Structures are given as structure tokens and as C-alpha cells.
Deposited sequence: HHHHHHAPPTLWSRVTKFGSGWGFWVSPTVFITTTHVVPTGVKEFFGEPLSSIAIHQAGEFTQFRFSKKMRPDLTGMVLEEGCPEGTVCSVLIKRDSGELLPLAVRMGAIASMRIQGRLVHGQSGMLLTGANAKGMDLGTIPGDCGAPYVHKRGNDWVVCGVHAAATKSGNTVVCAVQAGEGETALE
């Protein structure tokens, strides 16, 4: 079960969502990012790393000081994660997903270094950037990127 504070790290952003790893680090899915002079007010002049549909902003002022800093892993196979999905309506929908292999893929002409996973309640357009998380003794392990036509999802990872 997830505390409100963890859900409060999930943030509407571009055409999807992002996730405050810490007061200074923000992660999201690349195709969701606005093609702008500033982010959250800060001007890019921010350390911005895009690799394979995975995007990470490191700000130089603390943006969410209310938050502690969680671990960001480069994935997690078999790890049962929780995708913290927020919908436009405010509904919170933590999906259960068993993660599998790490494989890079070109989905609709986009290089996605991601991890696959099966849905143990599906995803929809607009959900991308939602965080894949698990709890060791909380960790974030990817951002949502894609899903098959039917139960299998893909998160971009670092």
C-alpha cells in the first residue's frame, strides 16, 4: 500500500505524467515532454538527460522540499511492481504488474529502452510517465511507456 506522499509525487506533465524522485529530480517519458524555455518555471540553464524514452530533470533549486529522496533503480524479472496511475478525474489506480525482461524496442518509431511486464484494470492513452515502483524494507524502477493492443505493459527505464 502506498502513502499519500508517494502518490503526491505523481504530477501531470505534458501529455502525460512525471514523478518527483526527490526535491530536485523529476523523471517522465520522453514523448510526453513538451518540445519550451523553462520547466516548472526553471529555465533549462536544469540538467536534462534523455535516453530511450526515459527523461530525467535534475533541478538546481529544490522543487518539492516536502519530499524525501527515494532510490531510482535501472529496473527491478519477477518483481511485482505498482504503477501509480493518476487519471484526469483524480482517480488513483495502482496497477499490479509482474515485471519481466529488459529489452530495447522501437515502438511507433521511438527507441524505447524499457522493461516488459504483465498485468496481474488496464492502461490508456495519457497514462505515460506514471511510475513503476516497489518497496524494499520505496523504490522507483521506471516510467510507463506503452502497452500491447490487448495485459502486457512496458516501462522505459534508465
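- Gaps between the deposited sequence and the modelled coordinates occur at 1 to 5, 41, 52, 84, 129 to 137, 155 to 156, 170, 179 to 187, listed in sequence order.
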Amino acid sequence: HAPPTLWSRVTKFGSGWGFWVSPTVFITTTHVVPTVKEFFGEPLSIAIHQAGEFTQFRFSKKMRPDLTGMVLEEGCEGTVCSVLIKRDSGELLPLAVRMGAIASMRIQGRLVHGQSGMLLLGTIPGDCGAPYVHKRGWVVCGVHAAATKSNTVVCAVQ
From here on, numbers count along this sequence of modelled residues.
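Throughout, rigid core stands for the largest set of C-alpha atoms superposing within 1.5 Å between the two forms.
- Farther from the shown form on average, by C-alpha root mean square after a core fit in 7 other deposited structures of this protein, is 98 to 106, of the stretches 98 to 106 and 26 to 34.
- In a rigid core superposition of the other structures in 7 other deposited structures of this protein, 49 to 57 and 124 to 132 differ in how far their CA atoms stray, and the farther one is 124 to 132.
- Mean C-alpha B-factor is higher over 106 to 114 than over the other stretch, the pair under comparison being 106 to 114 and 57 to 65.
- Of the candidates 25, 141, 10, 145, the deposited coordinates give 141 the top C-alpha B factor.
- Highest CA B-factor among 51, 93, 130, 47, as stated in the entry: 51.
- When the CA B factors of the chain's modelled residues are split into thirds, the value for residue 157 lands in the highest one.
- Per the PDB record, residue ranking by Cα B-factor puts residue 72 in the middle third of the chain.
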